[PDB]
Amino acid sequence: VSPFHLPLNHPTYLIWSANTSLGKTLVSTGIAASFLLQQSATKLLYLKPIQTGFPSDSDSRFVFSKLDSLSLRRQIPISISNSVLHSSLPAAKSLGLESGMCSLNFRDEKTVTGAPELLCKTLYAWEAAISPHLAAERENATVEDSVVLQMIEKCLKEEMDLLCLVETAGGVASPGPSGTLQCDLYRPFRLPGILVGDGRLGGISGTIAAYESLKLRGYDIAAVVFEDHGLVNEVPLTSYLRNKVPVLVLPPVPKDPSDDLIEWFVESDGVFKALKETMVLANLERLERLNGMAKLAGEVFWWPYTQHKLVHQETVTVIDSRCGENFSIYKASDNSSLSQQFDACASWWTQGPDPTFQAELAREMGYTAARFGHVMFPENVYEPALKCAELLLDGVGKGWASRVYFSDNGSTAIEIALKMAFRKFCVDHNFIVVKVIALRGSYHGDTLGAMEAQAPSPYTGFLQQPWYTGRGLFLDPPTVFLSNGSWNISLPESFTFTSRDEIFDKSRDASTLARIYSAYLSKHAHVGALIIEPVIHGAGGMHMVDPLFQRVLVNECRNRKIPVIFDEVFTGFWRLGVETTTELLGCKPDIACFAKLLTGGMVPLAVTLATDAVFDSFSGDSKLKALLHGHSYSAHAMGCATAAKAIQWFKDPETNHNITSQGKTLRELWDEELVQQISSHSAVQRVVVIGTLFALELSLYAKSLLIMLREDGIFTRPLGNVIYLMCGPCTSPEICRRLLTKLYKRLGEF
């Protein structure tokens, strides 16, 4: 349910394995001995989260017993304890002794006060020596992934010189109890690890492949280690890793099964010291980097949209990774800790993926890099660009669009749209100084051309954009807001809904306002293009524009033969609970732009969809009547495959549980009860809520709130007096509800 805090003061490593029977428990045992036996407050925390084959086999007990033996051999006293916390029923009967689980009281503890401490813990145990996923259901005893991660998070905090080993169960891709592959299960924590390879044969292959399936889940591996079989397996391994990761070779394990193994551990102390130090150096080097990243960023970056004179080192957020909707954020100020923070600005409104879907995309992207890299677009065809165009045409552009034009970002797509619109215009009306018509407050990107479509303001003065001119007729939009339980309208200095759905309703078009609008609008340098930001003015302050007003404006502009541009860079692809705002405005454009969420938040890519007619206006025999706009990476396979995936994933009820019965809409994500309350709060002007967006309007008092929300594990950037939480199309309502609860609690604390 909630965000984790992982202490980073002490190193904690996963013990991964290419397969089973490679030595994994032997490796934990060697690390521990190397660390506990030297010449006080020294502690090795050994966790075997999942354990099958219990109780006849028990890696906790193995480590436990083997260290007791080594402590005598090496003549260095230590304390030791082994615990097992839970097991299925059949496991607990084997010892003599819910979700189908049993708690246990099982502990051994040969204590020796003041001596280095060994602390072994098995968290959950089953009986059959099979994959955890089979045991879970055969013994009708299971554990949820988050429960497993909470259990471990609890153990870590409970203990934090110090070292922690978390031993996996099976290969890197073995299903855990719930069927979730082991490598996806531990991903939220993103712990560094070591991989126990295979010295055998086919072992080079199995080792490289396990390593790759880890890498491609975002993990770091401090060392690969394996058991000598006389094949010199280490040479191809070291070469593949370009010797950036050390490969350690343990001597052959005795084959005689009655072997205590004591002398082998002694023979191997060298390799185990080396392995222990590598994971000690690796952590130290990682902390030194983390601890210097804020400062160095302040000296080396020039950030967009930030007045550097004002940013002080303490406000530079250090992000170490992301897992779905959560940043993993480093704080030195704590006990040096990585913790989760919900990305509530959705990172410049790009954000979409689930943890599940993030992992999926990563492979889809790896594969696309390896198959295509970047491949020249003009006059060419390759699969991911073709697939993407087909998905765009058959969804977002279903009943109007017939051509797809690729660019790099929202800004380029918009400029491409402006050029197309002015042609369909200078061809129907034969052609001249051209201006657009827009709604003051709409935002359309930062390149000069997209800048000209925005109304004069401070952001357009001579200092911010020297070549600005303001090439448009900017009308002031009526807006819609939610206050004290009901949706109102707020007309411009010129000029109560039951529910939010009434607003978007077709019957509303025959009403009074529709006439009042048609006149005020009709009543208005040649206007050669209509450009709107459908339903919502994003950058402008999360104002919901009256859809009726824009539906009417569109129909007017088309009646007078003016091309209509829908700027859906912000709204497109489930941001607002639909694939296209076309569905909400009830009218179609001639031109439309998409980006941001098009790639599901992973990589830049922009499309400008066009009508068959808009296209024809660029047809002729002169290569000069063509559209001469293009960038080097236009239609890059990377972004295209990524968009082709995201489009289908966001859309499919199988993969996106937020998708409804009808397939055309997201279920309501933000709690109705809370939404009322936050809007009826003596500090809120208005609330705008729809799809994945929740915003409110109230200076300082807002920056107070943010400081407070950061404390709750919610990162968010304010739009002046507008505070917004924005999730992804796949984010669960339970997550959103928690967001609103935290906002509401902090909101009363003034």
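Position 1 is the first residue in the sequence shown; the rest follow in order.
**Student:** Between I262 and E263, how many residues of the deposited sequence have no coordinates in this entry: none, 1 to 3, 4 to 9, or 10 or more?
**Tutor:** In the deposited sequence, nothing is left without coordinates between these two.
**Student:** If the chain runs straight from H524 to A525, say none; otherwise bin the unmodelled deposited residues as 1 to 3, 4 to 9, or 10 or more.
**Tutor:** In the record, 10 or more residues between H524 and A525 lack coordinates.
**Student:** Which has higher Cα B-factors on average according to the PDB entry: 570-578 or 475-483?
**Tutor:** Of 570-578 and 475-483, the stretch with the higher C-alpha B-factor average is 475-483.
**Student:** Mean CA B-factor: is it higher for 722-730 or for 15-23?
**Tutor:** Per the PDB entry, the higher value belongs to 15-23.
**Student:** Just grab whichever of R322, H86, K110, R242 has the top CA B-factor as deposited.
**Tutor:** Comparing C-alpha B-factors across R322, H86, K110, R242, the maximum falls on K110.
**Student:** Going by the CA temperature factor in the entry, name the top one among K398, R286, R551, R500.
**Tutor:** In the PDB entry, the greatest C-alpha B-factor among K398, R286, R551, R500 is found at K398.
**Student:** Taking the chain's C-alpha temperature factors as the reference, tell me which third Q662 falls into: lowest, middle or highest.
**Tutor:** Highest third, going by the recorded CA B-factors of the chain.
**Student:** Relative to the other modelled residues in the chain, which third contains the C-alpha temperature factor of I516: lowest, middle or highest?
**Tutor:** Highest third of the chain for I516's C-alpha B-factor.
**Student:** Among all modelled residues of this chain, ranked by Cα B factor, put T122 in the bottom, middle or top third, i.e. lowest, middle or highest.
**Tutor:** Within its chain, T122 is a middle-third residue by C-alpha B-factor, going by the deposited values.
**Student:** Grab the CA temperature factor for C345 from the record and place it in the lowest, middle or highest third of its chain.
**Tutor:** Lowest third, going by the recorded CA B-factors of the chain.
**Student:** According to the PDB entry, is the CA B factor of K48 in the bottom, middle or top third of its chain, that is, lowest, middle or highest?
**Tutor:** Within its chain, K48 is a lowest-third residue by C-alpha B-factor, going by the deposited values.
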